[PDB]
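Student: One structure follows; several queries about it will come next.
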Amino acid sequence: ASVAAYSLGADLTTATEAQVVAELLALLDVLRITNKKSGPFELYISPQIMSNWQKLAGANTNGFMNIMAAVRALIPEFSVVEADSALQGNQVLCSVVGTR
Amino acid sequence: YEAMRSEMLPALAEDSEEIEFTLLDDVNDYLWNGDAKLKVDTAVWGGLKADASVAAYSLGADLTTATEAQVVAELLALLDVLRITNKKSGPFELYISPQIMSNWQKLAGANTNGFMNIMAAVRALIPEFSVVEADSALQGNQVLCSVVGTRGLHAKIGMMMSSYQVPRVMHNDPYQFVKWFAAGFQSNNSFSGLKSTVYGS
Amino acid sequence: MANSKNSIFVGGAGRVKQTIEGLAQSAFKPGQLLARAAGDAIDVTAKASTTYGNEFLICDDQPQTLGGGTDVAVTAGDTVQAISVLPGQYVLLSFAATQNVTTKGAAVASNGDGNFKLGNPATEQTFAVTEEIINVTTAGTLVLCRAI
Amino acid sequence: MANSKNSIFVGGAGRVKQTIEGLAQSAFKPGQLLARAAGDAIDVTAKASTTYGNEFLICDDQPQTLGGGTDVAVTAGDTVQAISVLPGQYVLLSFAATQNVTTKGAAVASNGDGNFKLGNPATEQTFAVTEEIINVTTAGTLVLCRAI
Amino acid sequence: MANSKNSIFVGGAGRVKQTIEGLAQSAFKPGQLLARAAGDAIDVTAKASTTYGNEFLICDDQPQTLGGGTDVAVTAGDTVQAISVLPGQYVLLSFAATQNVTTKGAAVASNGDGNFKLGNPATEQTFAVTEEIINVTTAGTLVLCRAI
Amino acid sequence: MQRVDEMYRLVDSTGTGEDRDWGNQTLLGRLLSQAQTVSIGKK
């Protein structure tokens, strides 16, 4: 009951490169808007998700870019984006670390 | 308070900074909703969303669910109640609901040179907007565009925010402190009725 | 005139007044009985004389820098600065016509028109107590009274 | 006696009293109910017990440098320094005979002779509220009461 | 909530309160009407609504360093710090259910259960006067009122 | 230095405060920084 529960709408294992950032900001806005917290938030993802985020983006044709490298340039308040094996499937977790 | 001088718990500096915040949030509510109490001759204020000195413009498309194309098609129809039917000029300034600054950070879909968001697309196509920011007083589908400065929306401070302590006479007089403040707001007009602020829906 | 009556709150040199702001509805004269209504507007009372529980709320004179005196009526539809009277203060009331004040200490009731009168203190609410021996004949004269 | 009763106004360490001067008509004792009359003279009230609208006006003890105490009667035909009691102060009243004060907080009415009594607060004006549990038998004893 | 209601005595920046200590008999909530009884104990009033002469005695919130707030009930059989209300102060009362406050300035009577209500000021003692336009439905809500 | 019925715990209070909002007073922070100061009494 000390953890904010937020239900995802789109499956992050089969979605494109546009529905990821459109449903990653809807997760971060349960910390900036309806809970008033600040500071550099962090994101931890299942390895089955991060393997999906290495495909070709498609929405950028100037070279070849990853969906992983899409969210690094769009949302820079994510200080550390890495993976964790404790999640299996379509589930993520974003929070603050430190004494606050 | 003599006991909490022994536990060293502050309990005053944690309340001198909790009125000084709350003072500047019922000044802010007077600007955004207005009071019908305070009228001298005809100088009511009414609020930034109900005044007769503020141009009312109804939005057609919901800016929380629309695409990228319907945003700029219905943001220029808001700005043209300041350049066309009200003849105002100068750098305009726009203030954004927090749900709308969310949706203006998604993927563009039009650019393919790299990755860019909607907020960097609006700030490069319509260079009249000098400053785009957010403001928590807009909760849903509502925006506001206007001019700031002495020619537009401006404020006049009567007395700056000051604080003092009611002095203690006896030995058991309770501790008391008072903070007070005085200022007023006005949006610029002209004699036919040409306004300088637009409140969206 | 040795008894200058150009301030409606003359009640001691250390006692400050309690002010109730609000909007106007009519153009009343300072020193009359008021009653707050719906919204945030004040006007004359227009209640019965034999009704208790009313608050001692008189109309203060307006500021000097707004065209205010002890005989200048207020402007309608604006902010009227009033006075709630604590027990133990002297204030200048405004009596009705055809009544003489003989003894210092009679009971001061309230007439239905917004003025005061000397009534029997058994069927009406006693607001104040007389403090000046004068005889009035024109309705709207200022008589000193202590609010206890 | 741990409760020394040699000052009729004992009502706080920061509250000053309100004084009503005037002339005498009789020789009353300090702590009795007064009523101002025609001219500028004060005496005992001699009104009915069931009459409202009376002002709380008790007789202060005279100064020490004029032969004044809490039992020395005043000299007739002179300046009697009295006290108008604001609500929220403690004063030493003077009760009548054959009544005991059991609970702190009963209603204090006014007898017709210038003394006080415990009456039913439905047909008489309530002046004060008891603040001391004692039993009196001789008319003219000082009992502490709060004026609210 | 712009109207924070976490202190039961909000009545000016220069007016101090008058405190009546005493013992408890029950566990009442702060902001209810009290009445002192035999011995030196305080509890809820439980008198009739149509009885005059009662003292304005409400229950102050307990200190912060004893587990006290505006909703924490008092502990029975202990020292309850209360408030005697002078006329001309604002205090947070506690109303009963199913009554709406429309106009600033209505009469505040006393219900028999220790809460307050809007009654007709012709058969009950008027304690205070409303100062906030809200509608209450649950018994035990704090409404700002001026004690005159 | 503590009641022995309650020794299992520790107290490290220090408040830590409360933070306001996203975009709380952005407009009013710009108006009150460009404001003209007049004398008090001028209503």
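Chain labels follow the order of the structure tokens: the first chain is A, the next B, and so on; residue numbering restarts at 1 in every chain, and ligands are counted from 1 in their shown order.
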What would chain C look like once superposed on chain D, with the fit done by least squares over all C-alpha atoms paired in order? Give it as a compact mmCIF listing (two decimals) with N, CA and C atoms, in the first residue's frame.

Tutor:
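Saved to out01.txt:
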```
# COMPACT_ATOMS: atom_id res chain seq x y z
N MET C 1 -6.98 33.21 57.05
CA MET C 1 -7.82 33.14 55.86
C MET C 1 -6.98 33.17 54.59
N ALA C 2 -6.95 32.05 53.87
CA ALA C 2 -6.18 31.97 52.65
C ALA C 2 -6.83 32.72 51.49
N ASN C 3 -8.13 32.96 51.56
CA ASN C 3 -8.84 33.72 50.54
C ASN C 3 -9.11 35.12 51.08
N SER C 4 -8.12 35.99 50.97
CA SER C 4 -8.27 37.36 51.42
C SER C 4 -9.18 38.12 50.47
N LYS C 5 -10.14 38.85 51.03
CA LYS C 5 -11.18 39.49 50.24
C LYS C 5 -11.19 40.99 50.44
N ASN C 6 -10.02 41.62 50.36
CA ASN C 6 -9.90 43.04 50.65
C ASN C 6 -9.66 43.88 49.39
N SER C 7 -10.26 43.49 48.27
CA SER C 7 -10.28 44.28 47.05
C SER C 7 -11.43 43.77 46.19
N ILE C 8 -12.33 44.66 45.79
CA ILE C 8 -13.57 44.21 45.17
C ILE C 8 -13.39 43.86 43.70
N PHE C 9 -12.30 44.28 43.07
CA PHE C 9 -12.04 43.97 41.67
C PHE C 9 -10.81 43.09 41.60
N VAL C 10 -11.03 41.78 41.55
CA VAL C 10 -9.97 40.80 41.38
C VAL C 10 -10.33 40.03 40.12
N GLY C 11 -9.86 40.50 38.96
CA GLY C 11 -10.34 39.93 37.72
C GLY C 11 -9.29 39.68 36.66
N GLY C 12 -8.07 39.41 37.08
CA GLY C 12 -6.99 39.16 36.15
C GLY C 12 -5.84 40.11 36.38
N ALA C 13 -4.69 39.75 35.83
CA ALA C 13 -3.48 40.54 36.01
C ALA C 13 -3.19 41.44 34.83
N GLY C 14 -4.08 41.49 33.85
CA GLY C 14 -3.84 42.33 32.69
C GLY C 14 -5.06 43.11 32.30
N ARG C 15 -6.16 42.88 33.00
CA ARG C 15 -7.43 43.52 32.67
C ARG C 15 -7.68 44.68 33.62
N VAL C 16 -7.80 45.88 33.05
CA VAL C 16 -8.09 47.07 33.83
C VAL C 16 -9.60 47.25 33.89
N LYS C 17 -10.05 48.02 34.86
CA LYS C 17 -11.47 48.18 35.11
C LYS C 17 -12.01 49.43 34.42
N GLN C 18 -13.32 49.46 34.24
CA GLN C 18 -14.01 50.60 33.66
C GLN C 18 -14.80 51.31 34.75
N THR C 19 -14.51 52.59 34.93
CA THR C 19 -14.97 53.35 36.09
C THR C 19 -16.06 54.34 35.67
N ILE C 20 -17.14 54.38 36.44
CA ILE C 20 -18.24 55.31 36.23
C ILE C 20 -18.37 56.15 37.49
N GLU C 21 -17.92 57.40 37.43
CA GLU C 21 -18.06 58.28 38.58
C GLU C 21 -19.48 58.82 38.68
N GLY C 22 -19.77 59.48 39.79
CA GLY C 22 -21.09 60.03 40.01
C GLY C 22 -21.28 60.40 41.47
N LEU C 23 -22.43 61.01 41.74
CA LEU C 23 -22.75 61.47 43.08
C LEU C 23 -23.49 60.39 43.86
N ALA C 24 -23.49 60.53 45.18
CA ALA C 24 -24.15 59.57 46.05
C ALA C 24 -25.54 60.05 46.43
N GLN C 25 -26.35 59.12 46.92
CA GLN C 25 -27.65 59.46 47.49
C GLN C 25 -27.84 58.83 48.86
N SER C 26 -27.20 57.69 49.10
CA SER C 26 -27.32 56.98 50.36
C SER C 26 -25.94 56.53 50.80
N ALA C 27 -25.88 55.66 51.80
CA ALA C 27 -24.62 55.09 52.28
C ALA C 27 -24.68 53.58 52.08
N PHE C 28 -24.28 53.13 50.90
CA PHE C 28 -24.26 51.71 50.59
C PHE C 28 -22.86 51.14 50.83
N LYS C 29 -22.79 49.82 50.88
CA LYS C 29 -21.54 49.11 51.10
C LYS C 29 -20.95 48.66 49.77
N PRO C 30 -19.62 48.57 49.66
CA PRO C 30 -19.00 48.19 48.39
C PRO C 30 -19.32 46.75 48.01
N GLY C 31 -19.66 46.56 46.74
CA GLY C 31 -20.04 45.26 46.24
C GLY C 31 -21.52 45.07 46.01
N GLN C 32 -22.30 46.14 46.01
CA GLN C 32 -23.73 46.06 45.79
C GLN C 32 -24.09 46.59 44.42
N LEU C 33 -25.28 46.22 43.95
CA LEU C 33 -25.74 46.62 42.63
C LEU C 33 -26.28 48.04 42.66
N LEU C 34 -25.87 48.85 41.70
CA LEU C 34 -26.26 50.25 41.65
C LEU C 34 -27.11 50.51 40.41
N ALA C 35 -27.62 51.74 40.33
CA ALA C 35 -28.39 52.20 39.17
C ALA C 35 -28.35 53.72 39.15
N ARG C 36 -27.93 54.29 38.03
CA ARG C 36 -27.84 55.73 37.91
C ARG C 36 -29.23 56.34 37.74
N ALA C 37 -29.40 57.55 38.27
CA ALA C 37 -30.69 58.22 38.29
C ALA C 37 -30.58 59.60 37.67
N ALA C 38 -31.63 60.40 37.84
CA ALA C 38 -31.67 61.75 37.27
C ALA C 38 -30.66 62.65 37.96
N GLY C 39 -30.30 63.73 37.28
CA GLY C 39 -29.15 64.50 37.71
C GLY C 39 -27.90 63.75 37.34
N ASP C 40 -26.98 63.61 38.29
CA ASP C 40 -25.79 62.79 38.11
C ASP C 40 -25.49 62.00 39.37
N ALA C 41 -26.52 61.41 39.96
CA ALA C 41 -26.40 60.75 41.25
C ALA C 41 -26.61 59.25 41.12
N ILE C 42 -25.87 58.49 41.92
CA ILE C 42 -25.98 57.03 41.96
C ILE C 42 -26.50 56.63 43.34
N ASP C 43 -27.23 55.52 43.38
CA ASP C 43 -27.68 54.93 44.63
C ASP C 43 -27.91 53.44 44.39
N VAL C 44 -28.59 52.79 45.33
CA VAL C 44 -28.95 51.39 45.16
C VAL C 44 -30.05 51.29 44.11
N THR C 45 -30.20 50.10 43.52
CA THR C 45 -31.03 49.93 42.34
C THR C 45 -32.51 50.07 42.66
N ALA C 46 -33.02 49.20 43.55
CA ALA C 46 -34.43 49.12 43.96
C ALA C 46 -35.36 48.94 42.76
N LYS C 47 -34.92 48.17 41.78
CA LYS C 47 -35.79 47.70 40.72
C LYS C 47 -36.21 46.27 41.02
N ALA C 48 -37.10 45.73 40.19
CA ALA C 48 -37.58 44.37 40.41
C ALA C 48 -36.52 43.36 39.99
N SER C 49 -36.67 42.13 40.48
CA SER C 49 -35.74 41.08 40.11
C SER C 49 -35.99 40.55 38.71
N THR C 50 -37.21 40.68 38.21
CA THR C 50 -37.61 40.13 36.92
C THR C 50 -37.59 41.18 35.82
N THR C 51 -36.66 42.12 35.88
CA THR C 51 -36.54 43.17 34.87
C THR C 51 -35.18 43.07 34.19
N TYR C 52 -35.19 43.05 32.86
CA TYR C 52 -33.98 42.90 32.08
C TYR C 52 -33.43 44.26 31.69
N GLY C 53 -32.32 44.24 30.95
CA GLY C 53 -31.76 45.46 30.41
C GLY C 53 -30.97 46.30 31.38
N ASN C 54 -30.74 45.83 32.60
CA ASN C 54 -29.98 46.60 33.57
C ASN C 54 -28.49 46.45 33.30
N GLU C 55 -27.74 47.51 33.57
CA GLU C 55 -26.30 47.49 33.37
C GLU C 55 -25.61 46.93 34.61
N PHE C 56 -24.55 46.16 34.38
CA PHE C 56 -23.77 45.59 35.46
C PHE C 56 -22.93 46.71 36.08
N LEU C 57 -23.45 47.32 37.13
CA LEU C 57 -22.80 48.46 37.78
C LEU C 57 -22.72 48.18 39.27
N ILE C 58 -21.53 47.84 39.76
CA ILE C 58 -21.32 47.56 41.17
C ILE C 58 -20.49 48.68 41.77
N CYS C 59 -20.51 48.75 43.10
CA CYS C 59 -19.81 49.80 43.83
C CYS C 59 -18.40 49.32 44.16
N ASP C 60 -17.41 49.97 43.56
CA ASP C 60 -16.02 49.72 43.89
C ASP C 60 -15.73 50.17 45.31
N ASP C 61 -14.74 49.54 45.93
CA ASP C 61 -14.25 50.03 47.21
C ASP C 61 -13.58 51.38 47.00
N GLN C 62 -13.73 52.25 47.99
CA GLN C 62 -13.16 53.58 47.91
C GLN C 62 -11.64 53.51 48.08
N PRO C 63 -10.91 54.55 47.67
CA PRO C 63 -9.45 54.53 47.82
C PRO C 63 -8.98 54.40 49.26
N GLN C 64 -7.74 53.90 49.39
CA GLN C 64 -7.13 53.73 50.70
C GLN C 64 -6.89 55.07 51.39
N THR C 65 -6.61 56.11 50.61
CA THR C 65 -6.34 57.43 51.15
C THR C 65 -7.60 58.27 51.30
N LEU C 66 -8.76 57.63 51.43
CA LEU C 66 -10.00 58.32 51.76
C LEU C 66 -10.81 57.55 52.79
N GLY C 67 -10.21 56.57 53.45
CA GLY C 67 -10.93 55.75 54.40
C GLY C 67 -11.86 54.78 53.72
N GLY C 68 -11.31 53.95 52.84
CA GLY C 68 -12.10 53.01 52.08
C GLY C 68 -11.61 51.58 52.24
N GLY C 69 -12.56 50.66 52.35
CA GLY C 69 -12.24 49.26 52.42
C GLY C 69 -13.34 48.44 51.79
N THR C 70 -13.33 47.14 52.05
CA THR C 70 -14.37 46.27 51.54
C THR C 70 -15.55 46.15 52.49
N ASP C 71 -15.51 46.82 53.64
CA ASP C 71 -16.63 46.84 54.56
C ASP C 71 -16.99 48.23 55.04
N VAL C 72 -16.17 49.23 54.74
CA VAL C 72 -16.46 50.61 55.11
C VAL C 72 -17.48 51.17 54.14
N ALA C 73 -18.61 51.64 54.66
CA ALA C 73 -19.64 52.22 53.81
C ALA C 73 -19.19 53.58 53.29
N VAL C 74 -19.80 54.00 52.19
CA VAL C 74 -19.45 55.27 51.57
C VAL C 74 -20.12 56.41 52.32
N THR C 75 -19.57 57.61 52.17
CA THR C 75 -20.15 58.80 52.76
C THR C 75 -21.15 59.42 51.79
N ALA C 76 -22.31 59.80 52.30
CA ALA C 76 -23.41 60.24 51.44
C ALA C 76 -23.14 61.62 50.86
N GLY C 77 -23.71 61.86 49.68
CA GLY C 77 -23.61 63.16 49.05
C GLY C 77 -22.25 63.50 48.48
N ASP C 78 -21.46 62.50 48.12
CA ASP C 78 -20.10 62.72 47.64
C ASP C 78 -19.89 61.93 46.35
N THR C 79 -18.64 61.93 45.88
CA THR C 79 -18.28 61.23 44.65
C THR C 79 -18.00 59.77 44.96
N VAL C 80 -18.86 58.88 44.46
CA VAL C 80 -18.68 57.45 44.62
C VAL C 80 -18.08 56.90 43.34
N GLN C 81 -16.92 56.28 43.45
CA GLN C 81 -16.24 55.67 42.32
C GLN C 81 -16.74 54.24 42.16
N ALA C 82 -17.37 53.96 41.02
CA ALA C 82 -18.02 52.67 40.79
C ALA C 82 -17.30 51.91 39.68
N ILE C 83 -17.85 50.75 39.32
CA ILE C 83 -17.25 49.86 38.33
C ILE C 83 -18.34 49.36 37.40
N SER C 84 -18.14 49.53 36.10
CA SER C 84 -18.92 48.84 35.08
C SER C 84 -18.16 47.60 34.67
N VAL C 85 -18.81 46.44 34.74
CA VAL C 85 -18.14 45.16 34.61
C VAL C 85 -18.26 44.68 33.17
N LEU C 86 -17.13 44.49 32.52
CA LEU C 86 -17.12 43.89 31.20
C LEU C 86 -17.33 42.38 31.32
N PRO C 87 -17.90 41.74 30.30
CA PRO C 87 -18.04 40.28 30.33
C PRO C 87 -16.68 39.60 30.23
N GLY C 88 -16.41 38.70 31.16
CA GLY C 88 -15.15 38.00 31.21
C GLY C 88 -14.21 38.44 32.30
N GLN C 89 -14.72 39.03 33.37
CA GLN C 89 -13.91 39.45 34.50
C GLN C 89 -14.49 38.86 35.77
N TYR C 90 -13.64 38.67 36.77
CA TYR C 90 -14.08 38.20 38.08
C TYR C 90 -14.22 39.39 39.02
N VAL C 91 -15.32 39.44 39.76
CA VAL C 91 -15.57 40.50 40.73
C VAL C 91 -16.17 39.88 41.98
N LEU C 92 -15.93 40.53 43.12
CA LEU C 92 -16.51 40.11 44.39
C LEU C 92 -17.88 40.76 44.54
N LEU C 93 -18.93 39.96 44.47
CA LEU C 93 -20.28 40.46 44.65
C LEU C 93 -20.66 40.42 46.13
N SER C 94 -21.94 40.61 46.43
CA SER C 94 -22.43 40.54 47.81
C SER C 94 -23.80 39.88 47.79
N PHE C 95 -23.90 38.69 48.36
CA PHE C 95 -25.12 37.91 48.30
C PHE C 95 -26.06 38.23 49.46
N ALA C 96 -27.28 37.72 49.35
CA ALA C 96 -28.27 37.83 50.41
C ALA C 96 -28.12 36.65 51.36
N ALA C 97 -29.11 36.43 52.22
CA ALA C 97 -29.01 35.39 53.23
C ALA C 97 -29.70 34.11 52.78
N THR C 98 -29.30 33.00 53.43
CA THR C 98 -29.90 31.66 53.31
C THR C 98 -29.88 31.14 51.87
N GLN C 99 -28.67 30.98 51.35
CA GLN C 99 -28.47 30.29 50.08
C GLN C 99 -27.04 29.76 50.04
N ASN C 100 -26.89 28.51 49.61
CA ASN C 100 -25.58 27.88 49.53
C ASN C 100 -25.19 27.70 48.07
N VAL C 101 -23.91 27.93 47.79
CA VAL C 101 -23.36 27.78 46.45
C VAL C 101 -22.63 26.44 46.41
N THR C 102 -23.19 25.48 45.69
CA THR C 102 -22.64 24.14 45.63
C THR C 102 -21.72 23.94 44.43
N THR C 103 -22.19 24.26 43.23
CA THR C 103 -21.45 24.01 42.01
C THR C 103 -20.90 25.31 41.45
N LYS C 104 -19.68 25.24 40.93
CA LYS C 104 -19.07 26.39 40.26
C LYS C 104 -19.71 26.54 38.89
N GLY C 105 -20.56 27.54 38.72
CA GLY C 105 -21.16 27.77 37.43
C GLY C 105 -22.65 28.04 37.42
N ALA C 106 -23.23 28.27 38.59
CA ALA C 106 -24.65 28.58 38.66
C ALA C 106 -24.91 30.01 38.20
N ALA C 107 -26.17 30.31 37.95
CA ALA C 107 -26.57 31.62 37.47
C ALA C 107 -26.77 32.58 38.63
N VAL C 108 -26.30 33.81 38.46
CA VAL C 108 -26.34 34.82 39.50
C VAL C 108 -27.34 35.89 39.08
N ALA C 109 -28.50 35.90 39.71
CA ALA C 109 -29.51 36.91 39.44
C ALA C 109 -29.29 38.11 40.36
N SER C 110 -30.25 39.03 40.41
CA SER C 110 -30.14 40.21 41.25
C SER C 110 -31.39 40.32 42.12
N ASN C 111 -31.18 40.41 43.43
CA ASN C 111 -32.28 40.66 44.34
C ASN C 111 -32.69 42.12 44.27
N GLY C 112 -33.88 42.42 44.77
CA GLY C 112 -34.39 43.78 44.68
C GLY C 112 -33.77 44.77 45.64
N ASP C 113 -33.02 44.30 46.63
CA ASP C 113 -32.48 45.16 47.67
C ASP C 113 -31.07 45.66 47.36
N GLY C 114 -30.50 45.28 46.22
CA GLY C 114 -29.14 45.64 45.90
C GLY C 114 -28.13 44.55 46.12
N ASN C 115 -28.56 43.36 46.53
CA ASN C 115 -27.70 42.20 46.67
C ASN C 115 -28.03 41.19 45.58
N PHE C 116 -27.28 40.10 45.55
CA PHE C 116 -27.43 39.08 44.52
C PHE C 116 -27.95 37.79 45.14
N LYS C 117 -28.47 36.92 44.27
CA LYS C 117 -29.02 35.65 44.72
C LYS C 117 -28.94 34.65 43.58
N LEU C 118 -29.09 33.37 43.92
CA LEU C 118 -29.13 32.30 42.93
C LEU C 118 -30.58 32.12 42.50
N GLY C 119 -30.90 32.60 41.30
CA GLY C 119 -32.24 32.52 40.78
C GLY C 119 -32.32 31.62 39.56
N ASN C 120 -33.54 31.30 39.16
CA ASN C 120 -33.74 30.47 37.98
C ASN C 120 -33.52 31.32 36.73
N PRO C 121 -32.63 30.92 35.83
CA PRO C 121 -32.33 31.74 34.65
C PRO C 121 -33.36 31.58 33.54
N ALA C 122 -34.62 31.84 33.86
CA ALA C 122 -35.69 31.85 32.88
C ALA C 122 -36.63 33.02 33.04
N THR C 123 -36.58 33.74 34.17
CA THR C 123 -37.44 34.88 34.41
C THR C 123 -36.69 36.09 34.94
N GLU C 124 -35.37 36.03 35.07
CA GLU C 124 -34.59 37.15 35.56
C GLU C 124 -33.31 37.28 34.75
N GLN C 125 -32.72 38.47 34.79
CA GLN C 125 -31.51 38.74 34.02
C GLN C 125 -30.31 38.14 34.73
N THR C 126 -29.57 37.30 34.01
CA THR C 126 -28.39 36.65 34.56
C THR C 126 -27.19 37.58 34.41
N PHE C 127 -26.61 37.99 35.54
CA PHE C 127 -25.48 38.89 35.51
C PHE C 127 -24.15 38.15 35.43
N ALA C 128 -23.92 37.21 36.34
CA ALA C 128 -22.61 36.62 36.49
C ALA C 128 -22.75 35.12 36.74
N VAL C 129 -21.63 34.49 37.08
CA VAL C 129 -21.55 33.05 37.26
C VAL C 129 -20.62 32.78 38.44
N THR C 130 -21.05 31.90 39.35
CA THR C 130 -20.33 31.65 40.59
C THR C 130 -18.98 31.00 40.34
N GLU C 131 -18.03 31.28 41.23
CA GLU C 131 -16.67 30.76 41.09
C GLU C 131 -16.07 30.32 42.41
N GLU C 132 -16.88 30.14 43.45
CA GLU C 132 -16.39 29.75 44.76
C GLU C 132 -17.47 28.95 45.47
N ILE C 133 -17.07 27.85 46.10
CA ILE C 133 -18.01 26.97 46.78
C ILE C 133 -17.97 27.32 48.26
N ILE C 134 -18.89 28.19 48.69
CA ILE C 134 -19.07 28.53 50.10
C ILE C 134 -20.56 28.61 50.39
N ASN C 135 -20.89 28.61 51.67
CA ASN C 135 -22.26 28.76 52.15
C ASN C 135 -22.35 30.01 53.00
N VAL C 136 -23.30 30.88 52.68
CA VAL C 136 -23.44 32.15 53.38
C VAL C 136 -24.74 32.15 54.16
N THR C 137 -24.73 32.85 55.30
CA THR C 137 -25.90 32.97 56.15
C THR C 137 -26.21 34.40 56.55
N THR C 138 -25.21 35.28 56.60
CA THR C 138 -25.42 36.68 56.91
C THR C 138 -25.39 37.49 55.62
N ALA C 139 -26.37 38.37 55.46
CA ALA C 139 -26.50 39.15 54.24
C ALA C 139 -25.40 40.21 54.17
N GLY C 140 -24.55 40.11 53.16
CA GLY C 140 -23.46 41.05 53.00
C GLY C 140 -22.10 40.39 52.94
N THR C 141 -22.06 39.13 52.53
CA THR C 141 -20.81 38.40 52.41
C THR C 141 -20.32 38.43 50.96
N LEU C 142 -19.00 38.49 50.80
CA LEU C 142 -18.38 38.65 49.49
C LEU C 142 -18.09 37.28 48.89
N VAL C 143 -18.66 37.03 47.71
CA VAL C 143 -18.51 35.76 46.99
C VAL C 143 -17.94 36.06 45.61
N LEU C 144 -16.89 35.34 45.23
CA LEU C 144 -16.25 35.54 43.94
C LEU C 144 -17.14 35.04 42.81
N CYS C 145 -17.27 35.84 41.76
CA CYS C 145 -18.11 35.49 40.61
C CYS C 145 -17.49 36.04 39.33
N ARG C 146 -17.62 35.28 38.25
CA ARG C 146 -17.17 35.70 36.93
C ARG C 146 -18.33 36.29 36.15
N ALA C 147 -18.09 37.43 35.50
CA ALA C 147 -19.17 38.28 35.02
C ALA C 147 -19.79 37.83 33.71
N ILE C 148 -19.35 36.73 33.12
CA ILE C 148 -19.92 36.28 31.86
C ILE C 148 -21.27 35.62 32.09
```

Student: Step one, run DSSP on the backbone; step two, keep only residues of range 11-148 of chain E assigned to strand (DSSP E or B); then write them as a ChimeraX atom specification.

Tutor: /E:18-20,23,33-36,41-44,57-59,79,82-84,90-95,99-100,107-110,116-117,128-130,135-136,141-146

Student: With only C-alpha atoms counted and 9 Å as the cut-off, give the residues of chain A in contact with chain F, each with its shortest interatomic distance in Å and the pair that gives it, as CSV.

Tutor:
```
residue,atom,partner,partner_atom,distance
A:32,CA,F:22,CA,6.2
A:33,CA,F:22,CA,5.9
A:34,CA,F:21,CA,8.6
A:35,CA,F:21,CA,8.1
A:36,CA,F:21,CA,4.9
A:37,CA,F:19,CA,7.3
A:38,CA,F:22,CA,8.6
A:100,CA,F:16,CA,8.7
```

Student: Quick one: distance from CA of residue 64 in chain B to CA of residue 102 in chain B in Å, one decimal?

Tutor: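 Atom-to-atom, CA of residue 64 in chain B to CA of residue 102 in chain B, that is 9.2 Å.
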
Student: Got a sec: who's within 12 Å of residue 31 in chain A, counting only C-alpha atoms, leaving out chain neighbours fewer than 2 positions off, as a list in words?

Tutor: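 Those residues are residues 3, 4, 5, 6, 24, 25, 26, 27, 28, 29, 33, 34, 35, 36, 37, 38, 39, 40, 41, 42, 77, 93, 94, 95 and 96 of chain A; 21 and 22 of chain F.
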
Student: Select residues of chain B: the criterion is any atom within 12 Å of an atom of chain D, counting only C-alpha atoms; output as a ChimeraX atom specification.

Tutor: /B:168-173

Student: Keeping only N, CA, C and O atoms, write the selected residues to a file as a tab-separated table (two decimals), in the first residue's frame.

Tutor:
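The file below, again.tsv, is the result:
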```tsv
chain	number	residue	atom	x	y	z
B	168	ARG	N	5.03	39.85	23.68
B	168	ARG	CA	4.52	39.15	24.85
B	168	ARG	C	4.61	40.06	26.06
B	168	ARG	O	5.68	40.61	26.35
B	169	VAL	N	3.50	40.20	26.78
B	169	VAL	CA	3.41	41.11	27.91
B	169	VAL	C	3.69	40.37	29.21
B	169	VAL	O	4.65	40.68	29.93
B	170	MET	N	2.86	39.38	29.53
B	170	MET	CA	2.98	38.62	30.76
B	170	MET	C	4.01	37.50	30.57
B	170	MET	O	4.78	37.49	29.61
B	171	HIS	N	4.05	36.56	31.51
B	171	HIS	CA	4.96	35.43	31.39
B	171	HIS	C	4.34	34.24	30.68
B	171	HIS	O	5.08	33.36	30.22
B	172	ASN	N	3.02	34.20	30.56
B	172	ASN	CA	2.33	33.11	29.89
B	172	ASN	C	1.56	33.59	28.67
B	172	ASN	O	0.50	33.06	28.34
B	173	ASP	N	2.09	34.60	27.99
B	173	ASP	CA	1.49	35.01	26.73
B	173	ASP	C	1.92	34.06	25.62
B	173	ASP	O	3.11	33.77	25.49
```

Student: Which residues of chain F come within 9 Å of range 28-34 of chain B, and what is each one's closest atom pair and distance in Å (one decimal), counting only C-alpha atoms, sorted by chain and residue number, as JSON lines?

Tutor:
```
{"residue": "F:25", "atom": "CA", "partner": "B:28", "partner_atom": "CA", "distance": 7.6}
{"residue": "F:27", "atom": "CA", "partner": "B:28", "partner_atom": "CA", "distance": 9.0}
{"residue": "F:28", "atom": "CA", "partner": "B:28", "partner_atom": "CA", "distance": 6.7}
```

Student: Distance limit 10 Å, atoms considered: only C-alpha atoms. Which chain F residues sit that close to chain C? Return them as a tab-separated table (two decimals) with N, CA, C and O atoms, in the first residue's frame.

Tutor:
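Once everything was written out, this is selection_26.tsv:
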```
chain	number	residue	atom	x	y	z
F	41	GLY	N	-2.75	52.36	0.77
F	41	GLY	CA	-3.85	53.30	0.90
F	41	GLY	C	-4.52	53.61	-0.41
F	41	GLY	O	-5.73	53.86	-0.44
F	42	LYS	N	-3.76	53.60	-1.50
F	42	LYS	CA	-4.32	53.79	-2.83
F	42	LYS	C	-5.12	52.55	-3.20
F	42	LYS	O	-4.56	51.54	-3.61
F	43	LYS	N	-6.44	52.62	-3.05
F	43	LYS	CA	-7.27	51.45	-3.29
F	43	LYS	C	-7.53	51.23	-4.77
F	43	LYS	O	-7.63	50.07	-5.20
```
